[PDB]
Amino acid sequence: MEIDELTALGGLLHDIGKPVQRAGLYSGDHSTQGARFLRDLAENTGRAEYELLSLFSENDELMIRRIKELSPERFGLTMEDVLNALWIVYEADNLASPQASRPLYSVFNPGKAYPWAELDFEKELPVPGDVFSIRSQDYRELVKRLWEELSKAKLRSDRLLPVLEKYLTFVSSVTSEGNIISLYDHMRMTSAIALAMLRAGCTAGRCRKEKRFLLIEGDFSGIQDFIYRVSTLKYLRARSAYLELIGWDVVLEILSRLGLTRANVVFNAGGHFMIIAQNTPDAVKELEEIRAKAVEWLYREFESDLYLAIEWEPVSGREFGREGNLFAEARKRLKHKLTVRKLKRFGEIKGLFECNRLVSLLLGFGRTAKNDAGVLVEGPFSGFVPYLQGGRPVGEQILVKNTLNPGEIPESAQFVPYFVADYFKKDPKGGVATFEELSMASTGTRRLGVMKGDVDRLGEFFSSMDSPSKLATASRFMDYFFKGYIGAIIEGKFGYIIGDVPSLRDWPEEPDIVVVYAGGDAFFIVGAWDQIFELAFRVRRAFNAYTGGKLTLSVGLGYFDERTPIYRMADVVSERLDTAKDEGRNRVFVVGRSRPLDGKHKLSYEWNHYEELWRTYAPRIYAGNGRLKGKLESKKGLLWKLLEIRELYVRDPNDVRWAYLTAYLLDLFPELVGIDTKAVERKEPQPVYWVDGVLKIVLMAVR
């Protein structure tokens, strides 16, 4: 041990009492029951540190003697060091911030609650639902697996964070109604604020009213240019993978040089990271060096393409909480410094005004020295050595893909679990499928499907967060939808949650789908055009259930000649995402369309509106699996005529010719024959305007 490791582990384990009082193991309240659990655990196995760490869950005279009985010297600590750790973690617990059957209520919708489950991406989709009691038999099963895992874990924050994450993400931190904070998140932010207070040199209300903390934020800018402008799909995934490693290399560099723990990472999603740190002179000097060195490396490696904007703000304990929302106000002053810094891009290089192994982008990567045999790619501070199943890992830190389990890695190696959505269609060769092979798998027209998606007003959602631990639950839960569950949605899971969606075919066992990126609040996914079309609706439905029906996505879809260069496809779907946003959010740009430019005609559809149109029109004309209804085999012409009629409505929505034509050649589309006054008075389009969204899709499927 040392005071650092102690204050961090104590921050983490301060509240381990909560699950043991709710498992009914030791009669008393969470404080004493937590002490008893770790003391019981220390005497089992025989690890004395758990009895030292047991002190945290509990005018000091009694405690002074309990601390002496433990003999601090045995662990290389003073009696005085332990008193600080305990007072620090006690303050850290307040700043991070009634029955016992109460579940975690959803941060997306506080009126709905999570069933008890452990974080498992392979199992069922977390859906906020009706408020149920959690039995003290679910908590008892938890506390046993929690005791089994802690018996084996090396007792460093990196081996403890994961087991606390497996088992306590879906546990309420405090069993009050409308409570939104995950216990795991409360625990990691208490450890975060604790280690920072220690590092800020404060001891024995000083650090609370003083600016002893830094909020550090890093935002990458030019990500689109870095990723989508090249000269193949393989390359695109490789650049995407590369950006995530560059970002980790900078995050772990800051944690390493400031003497901090992965618990100090509030979030690392979508090219944004936030870290809580000590406001010391040593720390600001150490950040400026890292900022300067990371920018110089980006400039040399990719020219002006990929910038990293790093800023920090001095902050007090006050500002981690409410007083009438100081935390959001602090985060706003930080954002503003980041916007200024993004308008001074590469200003940290005074010199300014005078790929062979990439594509290949195993269980993770070793973060080693730049100069090391086997280094496949390099970041600004470190080399990355691929960690393969049949091989041994290399480096101080090990990045491990899509598990919270350390595995057969050395005990000196820092465990850094990272989640990535990397689903791809496997080809006969076994390689990741090409634009061409995906396009070829399409129903009817051979086109590549491309979709870009975005949560609406994420910034707004995050700024109604009062506390670090709230924001930590918000960012993690948001990130895990995209990193954790989009793979499962692609595989065809959650059929009962998703329901009937616009579809042109039976969902394949192995979909013609490759993810480029899914993380933070966004996705870029390509595949067979008909499978991409359906996937937009599956993802929107999964996301609606995942939130409380309180958060919305907008999506841009496009259907392209497989020979269209990436940069065009990305610009067109980017334009259509932007269009869906500007027309009101919670919209999908389904297909390219013509319209009157009278300021009344939206190009995108409201999700529910398109889904009702599909329900209404598709079954009357489309059999499924590339097949028109029997009625329409010899009358496929009716469908083109409706589109020709719709063009004369687009020419002039006011000229009433289109209505004469609709009556004459139509009982297959009755709701298009009469003029709808209801729409006219409401200043909205005629039904005919909307129908192309369904007909164009059917006609693509049936060619």
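One rule holds for the numbers: they count along the sequence shown, beginning at 1.
A.B. asks: What does the record say about the segment between residue 666 and residue 667: how many deposited residues are without coordinates (none, 1 to 3, 4 to 9, 10 or more)?
C.D. replies: 4 to 9 residues lack coordinates between residue 666 and residue 667.
A.B. asks: Mind giving me a quick count class for deposited residues absent from the model between residue 389 and residue 390? Options are none, 1 to 3, 4 to 9, 10 or more.
C.D. replies: Count of unmodelled residues in between: none.
A.B. asks: Of 76 to 84 and 334 to 342, which one has the bigger average CA B-factor?
C.D. replies: Mean C-alpha B-factor is greater for 76 to 84.
A.B. asks: Test of understanding: from the entry's C-alpha B-factors, which stretch has the higher mean, 584 to 592 or 301 to 309?
C.D. replies: Averaged over C-alpha atoms, the B-factors run higher in 301 to 309.
A.B. asks: Would you mind checking which of 540, 229, 615, 601 has the top Cα temperature factor in the PDB entry?
C.D. replies: The listed residue with the largest C-alpha B-factor is 229.
A.B. asks: Given 476, 550, 208, 505, identify the residue with the highest C-alpha B factor in the PDB entry.
C.D. replies: Answer, based on the entry's C-alpha B-factors: 208.
A.B. asks: Using the temperature factors of the C-alpha atoms in this entry, rank residue 679 within its chain: lowest, middle or highest third.
C.D. replies: Tercile = highest for this residue's CA B-factor.
A.B. asks: Place residue 638 in the lowest, middle or highest third of its chain's C-alpha B-factors, as listed in the PDB entry.
C.D. replies: Middle third, going by the recorded CA B-factors of the chain.
A.B. asks: Compare the C-alpha B factor of residue 693 with those of the other modelled residues in its chain, then answer lowest, middle or highest third.
C.D. replies: Within its chain, residue 693 is a lowest-third residue by C-alpha B-factor, going by the deposited values.
A.B. asks: Comparing residue 287 with the other modelled residues of its chain, is its CA B-factor in the lowest, middle or highest third?
C.D. replies: Middle third, going by the recorded CA B-factors of the chain.
A.B. asks: Splitting the chain's C-alpha B-factors into thirds, which one does residue 410 fall into?
C.D. replies: Answer is highest: the recorded C-alpha B-factor places it there.
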